[PDB]
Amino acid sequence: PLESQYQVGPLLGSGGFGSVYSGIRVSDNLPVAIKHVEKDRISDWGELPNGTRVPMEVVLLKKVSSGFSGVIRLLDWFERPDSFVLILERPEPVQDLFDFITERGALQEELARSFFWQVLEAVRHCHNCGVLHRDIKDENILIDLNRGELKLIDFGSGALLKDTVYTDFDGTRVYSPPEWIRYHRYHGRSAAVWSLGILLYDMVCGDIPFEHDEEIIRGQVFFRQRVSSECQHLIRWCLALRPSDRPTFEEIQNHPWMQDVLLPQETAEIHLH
């Protein structure tokens, strides 16, 4: 009976996918988040190691929720008659990247370097666990304002990592690569690197580079803010039209702009405190 184990708080964010509320674990007052998703709106179903029909989001969360704090962890879950309920970790104090960018404007490169580096570690952690996020963007990134650590949220559009082609996509369109727009085909890792380049541009420019499909297909990047030559190169490299022309994760983290990253605690002391 979850209605007793947890105390439901206010509403953190809502959409057609479902609804997530703030919560507190009654036992130890652990701050949590309570996500509800109706079975009717579930398109991706998966199998649990014990052979249980469960939303794919639960499968993915289980596979990444061990040890590493780069992604928000699944603490527990329940099945209700018409819905599932997910109990998720919740940092305090916290704020998502989109509200942070909106509040502070384009980030300084030193700060953007630390943030982008942390999401690369989180996405790299997911892939190591056989999980593709497929909706990497500022709204899906959480900032622990005290520790300076970033965490990934919303695996509702994810899937199992595979090396063959994906023919479906339910993430954010303006973050989707040109091969999805044109051919409805893409490969996980190279598609992720594309969204990563959008994320980086959004970090240092305060806005997304493309809005329409024709802009995504063209792939020409104009900078509305002063951005170093190193960073512009990394961004345009991630945003290469040809997927095979995009960098690997190792190449992104070996890029010259990616050097001498600040530690998360150092990041918060300089930029967050």
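Note that residue numbering follows the sequence shown and begins at 1. Take the two forms, find the largest set of C-alpha atoms that superpose within 1.5 Å, and that set is the rigid core.
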Once the rigid core is matched, which of the two stretches, 237-245 or 49-57, lies farther off on average in 4 other deposited structures of this protein by C-alpha? 49-57
Of 111-119 and 160-168, the stretch whose C-alpha atoms average the higher B-factor in the entry: 160-168
Higher-scoring stretch by recorded Cα B factor average, 75-83 or 143-151: 75-83
Among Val64, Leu234, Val227, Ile42, single out the one with the highest C-alpha B factor in the record, please. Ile42
Grab the CA temperature factor for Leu239 from the record and place it in the lowest, middle or highest third of its chain. lowest
Ranked against its chain, the third holding the CA B-factor of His36: middle
Using the B-factors in the PDB entry, rank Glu179's C-alpha atom against the chain and give the third, lowest, middle or highest. middle
In terms of the chain's CA B-factor thirds, is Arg90 lowest, middle or highest? middle
Cα B factor band for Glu103 (lowest, middle or highest third within the chain): highest
